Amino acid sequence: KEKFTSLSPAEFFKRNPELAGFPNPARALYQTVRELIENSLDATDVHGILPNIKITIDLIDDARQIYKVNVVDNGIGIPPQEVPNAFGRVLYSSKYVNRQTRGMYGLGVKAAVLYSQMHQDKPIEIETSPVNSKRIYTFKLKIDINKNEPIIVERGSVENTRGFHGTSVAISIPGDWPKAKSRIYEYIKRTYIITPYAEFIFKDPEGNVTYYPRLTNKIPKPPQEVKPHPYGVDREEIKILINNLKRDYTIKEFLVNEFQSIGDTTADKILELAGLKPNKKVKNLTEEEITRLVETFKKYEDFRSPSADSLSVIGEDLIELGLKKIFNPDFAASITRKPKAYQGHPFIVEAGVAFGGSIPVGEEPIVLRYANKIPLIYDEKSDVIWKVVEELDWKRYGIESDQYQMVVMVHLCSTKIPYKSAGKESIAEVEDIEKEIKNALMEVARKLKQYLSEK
């Protein structure tokens, strides 16, 4: 007889740790270092703070291969009343708002905690001091998986009285440093290369210490929360926006105030194409009317593109500097495209190419993938970036031999990167995105085409 039952989000991720990037101990250690750094980076640069990040991994029990991972930053900290949920409630996040951040699911650190609890008994350690008080708060936490609720083991505060803002997070998990070493090193290195306004220090399990000096005090304009762009907004997104209304807006008012690129004239144009009326209440839209708005948004040709205030790019200058410094080529070029939209979300594709000097000779190009400023390291052959690069024909951008020295770099940034898995290692096959990645690559391929014709 079939027995029907329900799972809490925590039970789900605990039954299937692989879903979140925790298939084996090696990937687990890498994933944990990743999640913590991306969390400190979001707590600092998204708020205009020059990042100061400390990463340490120590071997604590050699027989059971448990490593302690500690990441300390100078970010904004977390309000005391939010700490148990932030670190101990699966699907809880300050990044569900429409804004470009490394994080997006409200899961990563909880996934690390769940994996921690299933293999050892030490609670995760959190010390934080938000941008204000005289207090530093310490917490020790466990997740109650059946209920998906935090359990506060330890809780305390002291007086700091200095000017210490930031967060320290320490998790203990099974790991395999030998198997994770190179990837962990590459991850931090590829992050450093595109984050010159940040300082990092990394001490590995064997005591090797690496310092990555800040090179500039110039911090890019922090991304902000923005309204969705109408193009691609779906039926359920629309009704979620409707229910979250605190008045009884008309359709026209709803259009002009809830979306980017819609002003009076666009709104009127939208209404006519959609066969709706300016002054009706949006709360009374039928299921079918909603369908009409959505299709009308898809087929509308005159939408002003999304602002850039929601996005934060690396920039043509830095991408270039970066390629030259790592590969020392004869030629390098890059492009930062104008903002587009897919499924309501603004995005930008940037691309870079490098073709000479110290670049190894190969049959295929070296592909460097980035997403929302995160270096992608695993599963390259599953990524759309790889698919598009593969599909490009270089025999007509200059590369004559079937053997060449090229480095291709693609960065995708959006208020939503569509990963193939919650472990965030590869980008899914989304049409508007493949299309715009191909457009970015072609811009740089042409810049190369000229060179190879010039040289």
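The term rigid core refers to the most C-alpha atoms you can superpose between the two forms while keeping them within 1.5 Å. Sequential numbering from 1, following the sequence displayed.
Chemist: Out of 70-78 and 218-226, which one drifts farther from the shown form in 6 other deposited structures of this protein in terms of CA positions, with the fit done on the rigid core?
Modeler: Result of the core-fitted comparison in 6 other deposited structures of this protein: 218-226 deviates more.
Chemist: Superpose on the core, then say which of 135-143 and 159-167 ends up with the larger RMS Cα offset from this form in 6 other deposited structures of this protein.
Modeler: Of the two stretches, the larger average C-alpha offset in 6 other deposited structures of this protein falls on 159-167.
Chemist: Should the higher mean CA B-factor in the entry be assigned to 363-371 or to 107-115?
Modeler: That would be 363-371.
Chemist: If you take the mean CA temperature factor per stretch, which one wins between 57-65 and 413-421?
Modeler: Between 413-421 and 57-65, it is 57-65.
Chemist: Highest Cα B-factor in the deposition, which of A86, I319, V97, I136?
Modeler: When the deposited C-alpha B-factors of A86, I319, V97, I136 are compared, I136 is largest.
Chemist: Sort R214, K203, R183, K252 by C-alpha B-factor from the entry and give me just the highest.
Modeler: Max CA B-factor in the entry, restricted to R214, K203, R183, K252: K252.
Chemist: Consider only the C-alpha atoms of the modelled residues in this chain, order them by B-factor as the entry records it, and name the third containing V169: lowest, middle or highest.
Modeler: Lowest third of the chain for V169's C-alpha B-factor.
Chemist: Sorting by Cα B-factor within the chain, modelled residues only, which third would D309 end up in: lowest, middle or highest?
Modeler: Tercile = highest for this residue's CA B-factor.
Chemist: Could you say whether, by C-alpha temperature factor, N52 belongs to the lowest, middle or highest third of its chain?
Modeler: Middle third of the chain for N52's C-alpha B-factor.
Chemist: Would you mind checking where the Cα B-factor of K281 ranks among the modelled residues of its chain, as the lowest, middle or highest third?
Modeler: Within its chain, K281 is a highest-third residue by C-alpha B-factor, going by the deposited values.
Chemist: Is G75 in the lowest, middle or highest third of its chain when residues are ranked by C-alpha B-factor?
Modeler: Lowest third - that is where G75 ends up once the chain's C-alpha B-factors are sorted.
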